[PDB]
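First comes the structure, then the notes that go with it.
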Ligand code: COH
Ligand code: COH
Ligand SMILES: *[C@@H]1O[C@H](CO)[C@@H](O[C@@H]2O[C@H](CO)[C@@H](O[C@H]3O[C@H](CO)[C@@H](O)[C@H](O)[C@@H]3O)[C@H](O)[C@H]2NC(C)=O)[C@H](O)[C@H]1NC(C)=O
Ligand SMILES: *[C@@H]1O[C@@H](CO)[C@@H](O[C@@H]2O[C@H](CO)[C@@H](O)[C@H](O)[C@H]2NC(C)=O)[C@H](O)[C@H]1NC(C)=O
Ligand SMILES: *[C@@H]1O[C@H](CO)[C@@H](O[C@@H]2O[C@H](CO)[C@@H](O)[C@H](O)[C@H]2NC(C)=O)[C@H](O)[C@H]1NC(C)=O
Ligand SMILES: *[C@@H]1O[C@H](CO)[C@@H](O[C@@H]2O[C@H](CO)[C@@H](O)[C@H](O)[C@H]2NC(C)=O)[C@H](O)[C@H]1NC(C)=O
Ligand SMILES: CCCCC/C=C\C/C=C\C/C=C\C/C=C\CCCC(=O)O
Ligand SMILES: CCCCC/C=C\C/C=C\C/C=C\C/C=C\CCCC(=O)O
Ligand SMILES: CCCCCCCCO[C@@H]1O[C@H](CO)[C@@H](O)[C@H](O)[C@H]1O
Ligand SMILES: CCCCCCCCO[C@@H]1O[C@H](CO)[C@@H](O)[C@H](O)[C@H]1O
Ligand SMILES: *[C@@H]1O[C@H](CO)[C@@H](O)[C@H](O)[C@H]1NC(C)=O
Ligand SMILES: *[C@@H]1O[C@H](CO)[C@@H](O)[C@H](O)[C@H]1NC(C)=O
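Residue numbers (the entry's author numbering), protein chains in the order written: chain A, 33 to 105, 105A, 106 to 582; chain B, 33 to 105, 105A, 106 to 583.
Rendered as structure tokens:
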């Protein structure tokens, strides 16, 4: 079998076979040397002794509110701190991208083929004696057993950080522009060839699909008006393929950028909000530029909406998730003096970690109604009956479920949760602790240390036997959360690098794009730099209801 | 008409319409302010006072040969100079890329659509009152008149720098991996979706083509043996589509990565050399890794060959071309402490400036024979008859034409030269002087200053009237060359930025790829760092004939 099965190279060393049963480690630029890149250089010794742990930093960022208030109101310090956040996080990501499901060594095929998700760690070789390499049993524990013992919800565990349904559907809507798995090809393949925040979930992945969705007047998107209210246009009207059960009434077959968005009325809420926003921006730009044509109005609006999305994601969405007293900032200018690659490739593991199915409530509570999953799935009727105002008001009030801490996956989505385990096994994922080491974390030494608890830990110990073969996805959902937090350490420490890299790595953040002229002048530039989730809803929802990502 | 037609914004300022009759210039990070970004900031004033002109820097690099001999032997100093050559040139390129033929403003379509060539300068708007904007006549001069008066070869003018036929065909072979115009769509569109040095002209653009060219044993490419010599396989054997006229027999239909390489035996020469190199590297890698399979051997060989190619392009090809006494260096590590984007998008203007048709000779001289264009085109029998050794020996000593200086396009490719002018106009290119300002060069004030001469200058003046409506491509071919040199100023100052961006921007040059293990260990890595045109030929051509890019 492959000599690198045991994962012998440490500290980001590269393993290469040199014979049938011999390997070598390439310690180039790791700060380490020796056979396995474990002997630190003198400079690395001092860097290690002085580096605070992720949990220490977390404690500082979530405490001393009085100091942060001062720091937040001095732009020089705010910028300084945000600059460090962006750079230190992004440095953990290979960019240009490296491995994928089929390639555990660098290759031109792996670099150039955009159909693959990329990989932060190379897959376990096909001939390895063990699923995780050399450690553990000949098979991983049964998929269903792990799910039932440790993942499935008994009683609803609300998020202590206060995340609501506005946050939960935003997460789903937003991420489904870059997590679009090509199930025809396999779990390691993507249909999102733009690999980032391109807004294909609004505009369509292809030019053919985009042009069917456009009005070709004033830069706007097609729409229908039901009950005086503006909604996405119809499948029949546009000839835009969508996924719908055969029984859905013609006029509730809404056509939007992303094919799967008719599945959940919560996604159509955001789909409707964003379509209105685009046409609102068209109106603004037509005012500033009576001379512009349909095409330029459309493209400029799209760039503006990308900017708005990135702004909201950092300053409202990640801000909420973090729990920090420090106010995160969206400012491309922070990187203009830094080394940074304005490109992104979506990683399979980033897809895997974002399976936040525990966020889902037991029922979806609109106005006086409480809908079960069966009633809510594929029911755009609910959206038309209640309206966007009521949707926002209700979902702002409804608490979401806790992700870490264990046992909070709703049984309605049990098949999806199991699929996450099975597919990551098909894609030969390395172990939790291998991923922790990859992102500068200390490997867990026991199951009890993972869960901060005894019962689930005991169950897991019987199932996996060795902590060093525990699986990434299940561990993320059972991990001891931070104090009164939605996530545990591994979720934050892996997720933040991928996230900031996808956000800042956008062409619009690059110096030749980050100018008012790109967005139609100061007016369009202002729309981006003052965007918020509140103003998104205020501008596009009748009655301007209060909203936020917390209850 | 569009308010920005007159290109009012200077120094990289971006023009935006603010009404039917009005514009605004965005001067962000240009170092200038004011209505048209022409009022310099204080720091900018100092920088402009102490900045040498491209001409004086060229002088320094082409003189003081003894000084440069010392400099070339001081690793620290060589690194410092080479580092500045890379950075100062690269900042002239937009990366991520901006405009294209359909988009004079920034847009997601322009950014994300790999089928377009990008544009260093936005096209002239569709409703502008003149082709160049506001200046000059309603119509440009007849391109046939321009071609005939100042472009067409009278007597052959040899290159003073001594470029040979090895250099001319290497240029053609190398660049045709990334200049692959999509004629079914138009001249602003490409088929090279990799936009750089991916070696698709060897391995194929798509995975289907690659798999048909591969042997699936030992990482190797399919081949055939003719008279004990290794050549590419046939169309019949691979089912690989190639462009060949009907009269070409089955056995002479060689199949290579790039569809058009059957056109020219000089191209098929390099195709055969590089196929041999691939299979040679596979042999070496199998010796180091008897445990590896076919797929890893193929892929790792591809990565090494990409390395070899960049190494050769910088240290042999650009070196010869530059005329410098300073030794250029391929070293990715020079950029590791620098702000640099490891990505590339091929620019339409880079394609246009690379139409070096004056390089071509009147006849192709192999051993005893002198083949006309008609006898040479599509005639791979010439290659089998003489062999690679005689091809290398013959092309090494045959001189190429001078590109700049006028009247040196061979009449055989008359139609191709005219097409370069026509297509430029079709793609709504801005004027020569606009492109010069775009690259920090002084605009020419007269046709005489452009040509350094009187006869062609006056003909051009009668055709164009105004120096500010002179077109880019004709100007490059008529421009006053540097002393005893192949190119004029505009060719080098536009060409170099596009070039180093394409070479260093390649993912293998990035810190995570530039490691011995990417290339299968220290042996594989050393193949890259010791690669040269001579060694490529020595290892792959029987007898190891001597070669270089100059006649000597
Ligand atoms: C954080 C947002 C979020 C939530 C709340 C969520 C909870 C829900 C939910 C309840 C309303 C429904 C009806 C769905 C339905 C689906 N989810 Co999500 N999943 C979410 C983010 C994801 C991710 C991540 C994937 C995997 C990527 C993929 O398959 O495209 C996913 C995939 C899907 C798929 C494709 C099948 C597969 O193989 O994964 C279906 C169907 N969906 N999930
Ligand atoms: C620098 C290398 C080089 C040389 C020596 C060269 C000299 C020669 C030559 C002598 C052997 C032959 C037979 C050809 C034949 C052709 N050249 Co070149 N051209 C070259 C680089 C180009 C470029 C640049 C173009 C523009 C279009 C493209 O490459 O897609 C070109 C285009 C072509 C085309 C049609 C494509 C188009 O213009 O759209 C033909 C036919 N060829 N040319
Ligand atoms: C990058 O831009 C290319 C040029 O715009 C584009 O190719 C174009 O695609 C359009 C729309 O798909 C094609 O137009 C089609 O229109 C109707 C659809 O009903 C059909 O009847 C026609 O057969 C036709 O295919 C054009 O053919 C084509 N335009 C060209 C070649 O100039 C690419 O699609 C873009 N690339 C991506 C990835 O989006
Ligand atoms: C910056 O813009 C240019 C536009 O090219 C210039 O406008 C020109 O000024 C001429 C007089 O110097 C006028 O005849 C005419 O209005 C205009 N020319 C053309 C061809 O449109 C502005 O003067 C200049 N502004 C500044 C402040 O320098
Ligand atoms: C580098 O790593 C290898 C493998 O991880 C180490 O070799 C193993 O060490 C353990 C000691 O706990 C033994 O049980 C194994 O049998 C050893 N051999 C193999 C082939 O796995 C090696 O010691 C490390 N080298 C250094 C210098 O630290
Ligand atoms: C990217 O990779 C995929 C998978 O390797 C390629 O799809 C394969 O293409 C071959 C030959 O074209 C088919 O025989 C296989 O069935 C495909 N594999 C699948 C569908 O999983 C794909 O062609 C590559 N993309 C590009 C642009 O080269
Ligand atoms: C591909 C484009 C990327 C878009 C970004 C998508 C999602 C961002 C949100 C969550 C990512 C997952 C975990 C990060 C959790 C908290 C962030 C705060 C940590 C920090 O700030 O230190
Ligand atoms: C994808 C791009 C690949 C690179 C293109 C390959 C070769 C470029 C060769 C010539 C380009 C035009 C003019 C001359 C360029 C450099 C000469 C020395 C100038 C310098 O060094 O200061
Ligand atoms: C409500 C749906 C959840 C079904 C899970 C039951 C199957 C897994 O068995 C679990 O064993 C655990 C031992 O620690 C018990 O604490 C759980 O109650 C039990 O569910
Ligand atoms: C041999 C010296 C070249 C003279 C320069 C050409 C001047 C115009 O010669 C033109 O070029 C072509 C050449 O066959 C012909 O097709 C045109 O009919 C002819 O007008
Ligand atoms: C559809 O949703 C509506 C709410 O308007 C509800 O009355 C109905 O029962 C739902 N239908 C199904 C099949 O769930
Ligand atoms: C092709 O070249 C061969 C030499 O190998 C020569 O004999 C023949 O005449 C040429 N064919 C044509 C059509 O010019």
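We put the CB at the ideal spot given by N, CA and C, even for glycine.
Discussion item. Nearest by alpha-carbon distance to residue 243 of chain B: which of B:428, B:288, B:194 is it?
Written reply: B:288
_C-alpha gap between residue 584 of chain B and residue 310 of chain A, whole angstroms_ = Nothing about residue 584 of chain B can be read from this structure; chain B reaches only from 33 to 583.
Q) Does the segment 302–309 of chain A come close enough to the segment 220–236 of chain A that 3 or more CB-CB pairs lie under 8 Å? A) yes
Can you tell me the Cα-Cα spacing of residue 543 of chain B and residue 549 of chain B, whole angstroms?
9 Å
Put residue 85 of chain A into one of helix, strand or coil per three-state DSSP. coil
Worksheet entry | Residues, ordered as in the chain, of the segment 120–140 of chain B that lie near chain A by beta-carbon distance below 7 Å | So the close ones are 125, 127, 129, 136, 137, 138, 139, 140.
Review point. Quick check: the segment 310–323 of chain A against the segment 416–426 of chain A, are there 3 or more CB pairs under 8 Å?
Key: Not touching, per the Cβ criterion.
Notebook entry, point to check: Does the beta carbon of residue 490 of chain B fall short of 7 Å from some heavy atom of ligand 10?
Noted result: No, the Cβ of residue 490 of chain B stays beyond 7 Å of every heavy atom of ligand 10.
Taking only beta-carbon positions, decide if residue 209 of chain A is within less than 8 Å of chain B. no
* How should residue 200 of chain A be labelled, buried or exposed, when 16 other C-beta atoms within 10 angstroms of its C-beta is the threshold for buried? -> Buried: at least 16 other Cβ atoms inside 10 Å.
Is any beta-carbon of chain A found at less than 8 Å from that of residue 373 of chain B? yes
Q. For ligand 9, any of its heavy atoms closer than 7 Å to the Cβ of residue 44 of chain A?
A. no
Could you tell me how far apart the beta carbons of residue 412 of chain B and residue 283 of chain B are, in whole angstroms, since I believe they sit closer than 8 Å? The C-beta distance from residue 412 of chain B to residue 283 of chain B rounds to 6 Å, short enough to meet the 8 Å contact threshold.
Taking the alpha-carbon positions, what's the residue 666 of chain B to residue 115 of chain B distance?
-> Residue 666 of chain B falls outside the range modelled here, since chain B spans only 33 to 583, and no answer is possible.
Open item on the list: Rounded to whole angstroms, what is the Cα-Cα separation between residue 262 of chain A and residue 422 of chain A?
Closed with: Spanning the alpha carbons of residue 262 of chain A and residue 422 of chain A requires a straight line of approximately 14 Å.
Looking at the structure shown, is residue 329 of chain A part of a helix, part of a strand, or coil, going by DSSP? The answer is helix: DSSP assigns residue 329 of chain A an H, G or I state.
**Prompt:** Taking the beta strand (DSSP E) that residue 395 of chain B falls in, what are its first and last residues?
**Reply:** 395–397
* Asked: Beta-carbon of residue 548 of chain B versus every beta-carbon of chain A: anything under 8 Å?
  -> yes
- Message: I'd like the ranges of any alpha helix (DSSP H) spanning at least 4 consecutive residues and lying wholly in the segment 241–281 of chain A.
- Response: 266–269
Checklist entry - Going by beta carbon distance, what residues of the same chain come within less than 7 Å of residue 578 of chain A, once the five residues before and after it are set aside? => result 197, 423, 427, 564, 565, 568
Do residue 585 of chain B and residue 35 of chain B have their CB atoms nearer than 8 Å? A query on residue 585 of chain B cannot be resolved here, the shown segment of chain B reaching from 33 to 583 and no further.
Exercise. Counting by C-beta, which residues lie closer than 5 Å to a heavy atom of ligand 3, in chain order?
Worked result: Every residue passing the under-5 Å Cβ criterion appears here: A:238, A:239, B:144, B:146, B:216.
Our contact map puts residue 495 of chain A next to residue 167 of chain A with C-beta atoms below 8 Å; I'd like the distance itself, whole angstroms only. 7 Å
Which of helix, strand or coil DSSP assigns to residue 285 of chain A
In this structure, residue 285 of chain A counts as strand in the three-state DSSP scheme.
Q. Start and end of the alpha helix (DSSP H) containing residue 314 of chain A?
A. 296–319
Using a Cβ cut-off of 8 Å (strictly closer), state whether residue 226 of chain A contacts chain B.
no
- Query: Is residue 165 of chain B helix, strand or coil by DSSP?
  - Reply: Reduced to three states, the DSSP call for residue 165 of chain B is coil.
TODO: Could you round the C-beta distance between residue 581 of chain A and residue 43 of chain A to whole angstroms and report it? I think they count as a contact, below 8 Å.
DONE: Not confirmed; about 39 Å, so no contact.
Nearest CA to the CA of residue 19 of chain B: which residue from B:374, B:191, B:170? Residue 19 of chain B lies beyond the range of chain B shown here (33 to 583); nothing can be said about it.
#### Entry: residue 403 of chain B burial status per 10 Å Cβ neighbour count (16 or more: buried)
exposed
Practice problem: Flag this pair as yes or no: are the beta carbons of residue 346 of chain A and residue 559 of chain A separated by less than 8 Å? | Solution: No.
Notebook entry, point to check: Are any of the Cβ atoms in chain B nearer than 8 Å to that of residue 453 of chain A?
Noted result: False, the Cβ-Cβ gap to chain B never drops below 8 Å.
- Query: Roughly how many whole angstroms lie between the Cα atoms of residue 490 of chain A and residue 181 of chain A?
  - Reply: 8 Å
Q) Does any residue of chain A bring its CB to less than 8 Å from the CB of residue 174 of chain B? A) It does not; no Cβ of chain A falls within 8 Å.
* Asked: Does the segment 148–168 of chain A come close enough to the segment 457–474 of chain A that 3 or more CB-CB pairs lie under 8 Å?
  -> yes
Worksheet entry | Rounded C-alpha distance that separates residue 326 of chain A from residue 217 of chain B | 20 Å
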